[PDB]
Every structure is written in structure tokens, then in C-alpha cells.
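Below: the structure, in C-alpha cells.
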Amino acid sequence: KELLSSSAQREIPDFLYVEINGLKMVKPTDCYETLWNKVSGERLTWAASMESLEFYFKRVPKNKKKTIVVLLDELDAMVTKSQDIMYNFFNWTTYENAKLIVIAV
DNA sequence: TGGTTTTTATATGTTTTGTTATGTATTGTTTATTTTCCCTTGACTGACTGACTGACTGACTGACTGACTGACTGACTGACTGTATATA
């Protein structure tokens, strides 16, 4: 919230929050779905959305792509099988042409 | 140009088959001890059969025996030949 007021400084580059309550989500691949349906409002399945999103991330340069900040909540039950989801996530977090602000709990 | 059909991706459901860990019961492993009848050890027992004692009848040398055969010698009978006798 203090960082929101810092966005209300209008001297830092505007960026956007993402609430992630996987516990207020059913199927833990819906992260990608809701991500696309809130960054675009466009509706797909995870196996299109995350892939279009990698396409959105590394294949896309900086000058128009936006900083986004995201924070994950209670990962102890989210990734219970093999953490391929969160593996994908942390695999997205390793670029130099893409910019993001990631956190978890 | 413009409407319609065909296939595909995502999502879920259905069914069969095969994988892993485990707790309980049976049975094996090692060691010590006693009994059983089969297999060695051996004298007794019963028929056996080798050397010694009897024996029994066919083979070669003792020639034998005795008839018969082989040379010699005289006896005898036939063939040869003289003495003799008779007639022209």
C-alpha cells in the first residue's frame, strides 16, 4: 500500500499487482488462466495460457511490456503433486529481457 | 464473396492389469542324545575228492612144432644098337 502511494508519486514506472490465493482457486494450473484473464481478460485453458505467456515473457522485449508484481500465498498445499506448476513459475523468473517482481509465502 | 461441415484440443469418465510393503504361520538350521536291526567276524558242520593201495588183461620175444618142400641118388624102363642067323 505504501508502494501504491509510491505509484502515486508518478516518478516510478507504473506496475500492477497480482493477488494469488491458490486456496481461493481450485485447480492449481488456473493460476495461468486467471493470469491471462486478468492481464488480458482473455479466456483459455492453462495449456494455451501459460504457453502464450512464455511467448508474452521472453519472446517480448521490454520497451512496452510492463513490470508486474506478484505474491504467492501458502504454497504447502498448492503444488502437492510434483511442483511442475511452481517449477514453471520459477523458470519464468530467470530472464534479463523480462522484468517481474515475485514473492511467495 | 458467404454460409457450413469436419477435425482437434481439452477435459473428464471407465476399465483392466500390474507394483510394492507388510505381519503371521510354517518350516528349516545347528547341536546333543538314544535305539535298531543290517553287516562283519568266527567257530561248527557236512560233503568232497587227491595220493596211496589193489589189479587185470592185452602186447612183443622164448622161438616151437611139425608138415612140407628141396637136392641127391639109385632103380628101372624105353630107345638105341650090335650079335646073330638064314638064303641065294
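Let's see how each residue does on (1) closer than 16 Å to residue A:102 by Cβ; (2) in contact with a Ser or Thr (Cβ under 6 Å, 6 or more places away or on another chain); (3) of a type outside the set (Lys, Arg):
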{"position": "A:2", "(1), (2), (3)": "no, no, yes"}
{"position": "A:32", "(1), (2), (3)": "yes, yes, yes"}
{"position": "A:36", "(1), (2), (3)": "no, yes, yes"}
{"position": "A:79", "(1), (2), (3)": "yes, no, yes"}
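Consider residue A:105 carefully, then state whether it is touching a residue at least 12 places away in the same chain (Cβ under 8 Å), farther than 19 Å from residue A:29 by Cβ and not aromatic (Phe, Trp, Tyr). It is true that residue A:105 is touching a residue at least 12 places away in the same chain (Cβ under 8 Å), farther than 19 Å from residue A:29 by Cβ and not aromatic (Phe, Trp, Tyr). Apart from one condition, residue A:53 fits all of (1) over 16 Å from residue A:95 (Cα atoms); (2) touching a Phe, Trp or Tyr at 6+ places or on another chain (Cβ under 9 Å); the exception is (1).
Values quoted throughout were computed directly from the atomic coordinates according to the rules given, and no laboratory measurement underlies them. Please note: Cβ atoms are built from the backbone with ideal geometry, for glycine as well, and neighbour counts cover all protein chains shown.
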